[PDB]
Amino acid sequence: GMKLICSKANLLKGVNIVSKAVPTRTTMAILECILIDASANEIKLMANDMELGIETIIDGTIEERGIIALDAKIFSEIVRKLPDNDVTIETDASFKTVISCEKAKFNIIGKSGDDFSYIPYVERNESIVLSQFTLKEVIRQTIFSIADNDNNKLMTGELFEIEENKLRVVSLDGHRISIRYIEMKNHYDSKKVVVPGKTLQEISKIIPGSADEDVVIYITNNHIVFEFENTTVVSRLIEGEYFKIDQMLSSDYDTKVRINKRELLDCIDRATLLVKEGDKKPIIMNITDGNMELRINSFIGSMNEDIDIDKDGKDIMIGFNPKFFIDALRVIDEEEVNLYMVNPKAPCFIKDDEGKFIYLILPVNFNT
């Protein structure tokens, strides 16, 4: 049976990384485990839910080569509560596992690694490099508008599109579209894939986000691979033709509004206090020369607010789900934003001067 010695801090960092691929609630028991693979010359921790696989290398000494699967919850809680010293992990043929550190000892029962579905081999072709910061930020800037249900599988993921030195990240749920553009310093072959939402959410939790550290990405047909520090994230891709959205990014508008981003965000956020879970009231905007008036009313009461704007084009009254504006404005760093509208039934676009983003929000249909 297996025998290893690891520093607690290295083992803790590792279990905390691979745990993001351990299913929250499942009927599959081996999926609730972390695999310890010490069969070769490296200590490898692994978690796989069949969609998302996470692998990490732990620094340590292999005294006796071996493999074991341990309950992810019990093993992480053990590692997290052990003293800050060397941790010994020892197993036997009956899968009885002893985890020892200083004068403390835990006896638990593991499972055979033969039941564990290993992360598949993925051929590494062309590599894409992004800073940890850029990847974490582009997910934060788009992840909120993926669908909250499984009615359409493609809507539960994010489109990743590369053409020459440009990357475009897209999410949509049928009510809005979030698009981010990134100019890269390298030229790459064209690629268009849909990454599951859960993959991007879980990778957000393990990527520190330094602007000085990089992520190497591989897109090989049915899989996406992310490498950073001593971790490998492998994810299945969503199959099918993604929505044709370039047709909807019609550059024609009848109204353009320049407004302070923080004032708009604070006002829409104020309005939401009047509408609670059992209510679904739109925020009404009345855009005139130099002014935007926002209203909401409910059983709790009403709100009226005026915001100074710079408006070009037609006066317009338009309604929206406040949540959609709050989600997009929360991820816009710019001091001011440009709102583009055609009419009260047409989409509204939040765009910037530098071409970094497009947030499309569908308004409320009042049916005239």
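Note that residue numbering begins at 1 and tracks the sequence as displayed.
- Of the two segments examined, 236-244 and 209-217, it is 236-244 that shows the higher average Cα temperature factor in the deposited entry.
- Look at the mean CA B-factor for 148-156 and for 68-76 in the entry; the higher one is 148-156.
- By the numbers in the PDB entry, the CA B factor is greatest at 125 among 125, 134, 260, 272.
- Of the residues listed, 265, 169, 89, 249, the entry assigns the biggest Cα temperature factor to 249.
- Split the chain's modelled residues into thirds by C-alpha temperature factor. Residue 63 is in the highest one.
- When the modelled residues of the chain are ordered by C-alpha B-factor, residue 13 sits in the lowest third.
- In this PDB entry, residue 29 carries a Cα temperature factor that places it within the highest third of its chain's modelled residues.
- Among the modelled residues of its chain, residue 290 has a C-alpha B-factor that falls in the middle third, as given in the PDB entry.
- For residue 331, the recorded CA B-factor ranks within the lowest third of the chain. Only modelled residues enter the ranking.
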